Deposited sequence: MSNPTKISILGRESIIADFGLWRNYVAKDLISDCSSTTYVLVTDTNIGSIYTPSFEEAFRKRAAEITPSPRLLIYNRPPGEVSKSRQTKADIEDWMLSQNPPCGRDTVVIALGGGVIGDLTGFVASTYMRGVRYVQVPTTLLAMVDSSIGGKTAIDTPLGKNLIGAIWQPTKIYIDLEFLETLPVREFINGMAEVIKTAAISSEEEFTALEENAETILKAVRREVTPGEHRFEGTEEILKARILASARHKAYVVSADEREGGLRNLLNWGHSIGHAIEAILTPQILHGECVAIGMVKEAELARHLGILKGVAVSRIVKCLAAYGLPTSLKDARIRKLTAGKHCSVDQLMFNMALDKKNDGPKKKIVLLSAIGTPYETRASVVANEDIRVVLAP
């Protein structure tokens, strides 16, 4: 299995088949506990927990007293990133017989909705317990399972309450992608694309060249696209791990991972749950690249490559994309609404709105988000 260090810990392990062959034993040996709590959603639990339940019994066969594996199946989708579902999980763990205690090892089996919600549960449970990430979506493998950011949403916006809590293990198993719906694979590509745009022209170029091939494999899995798939995923995870190790708590550099997200999160607060995170970030990347162009920092040629590359992977580049309009029931994303939502962006320095600006594909303007005047933002909205 491939390993990636983050924050001085060898916590990322990647290999096809980890969930079938490695995770249970590795939990029993490196995350020794009497109590394991597996959190997942109802779309994937019945597909993927049966095998693990069996792997667990076998791995725990010579441990005495016998440890227990307890399972919580949450509703799928963004609506589960809420105060209520966080409380519900907590209440159920506390209600176990005996209750789940400080030795508990929590296992986030799912995409970024389950990872963000479960990692936040683990961060405050009795003041904190160990957890691991088992990313099952492309988005989670390339971005959300890595780095420790956890959160829930409130009615005002995205991820406003949460905590930075690092997982003890991050198991990346590409076999999960075999059952991942087409729209979700495409949704995840927005974060892959973003990560390349903030770090490498060559990696961005590889993504452009690979689009047709990958998309055909996705809509037809991946036997014939296996090496390119692995390389684009590893390039995203490794860059993210670099940035986080240098700036875990976002005093500067980690701002860069939020490219596309100042306008993207402002759109998402309105368009969720009908439109996905990556879809919202794609429109946010286009607008924020348009803003950099407006400010003279980014070349028009660069804005066109960003637009085309997102479109080549099937992502939306406009709030008026017809696939978006078929799903949103006439929702409005007016300029005033979007500005109000951007005042809740966590990167803001007091009332100064801070947005990531690119100076070229692969190169950020600054090693942090920049302050941008409200009037300039209003132009691209």
Stretches of deposited sequence not represented by any CA atom are 1-3, 224-230, 392-393
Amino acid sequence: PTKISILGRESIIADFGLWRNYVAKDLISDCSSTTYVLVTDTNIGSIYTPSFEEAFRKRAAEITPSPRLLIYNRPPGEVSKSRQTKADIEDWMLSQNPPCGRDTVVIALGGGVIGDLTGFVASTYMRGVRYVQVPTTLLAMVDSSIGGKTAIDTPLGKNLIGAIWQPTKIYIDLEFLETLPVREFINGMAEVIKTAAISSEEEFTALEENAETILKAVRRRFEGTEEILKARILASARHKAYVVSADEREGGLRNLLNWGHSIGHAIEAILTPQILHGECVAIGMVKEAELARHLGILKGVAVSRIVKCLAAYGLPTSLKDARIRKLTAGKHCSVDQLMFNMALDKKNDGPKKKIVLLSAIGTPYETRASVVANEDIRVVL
From here on, numbers count along this sequence of modelled residues.
Is residue 290 unbuilt in at least a third of the other PDB entries compared? no
Exercise for review: Would you mind checking whether residue 348 is unresolved in the model of at least a third of the other PDB entries compared?
Suggested key: yes
The stretch carrying the higher mean Cα B factor in the deposited entry, 296-304 or 92-100, is 296-304
Averaging the C-alpha temperature factors as deposited, the higher value of 285-293 versus 269-277 falls on 285-293
Listed options 353, 59, 346, 331: highest C-alpha B factor recorded at 59
In this crystal structure's PDB entry, the residue among 247, 173, 212, 116 with the greatest CA B factor is 212
Of the three thirds of the chain ranked by Cα temperature factor, residue 220 occupies the highest
By the entry's values, the third containing the CA B factor of residue 72 is the middle
For residue 127, the third of its chain by CA B-factor is the lowest
The third of the chain into which the C-alpha temperature factor of residue 66 falls is the highest
By the entry's values, the third containing the CA B factor of residue 39 is the lowest
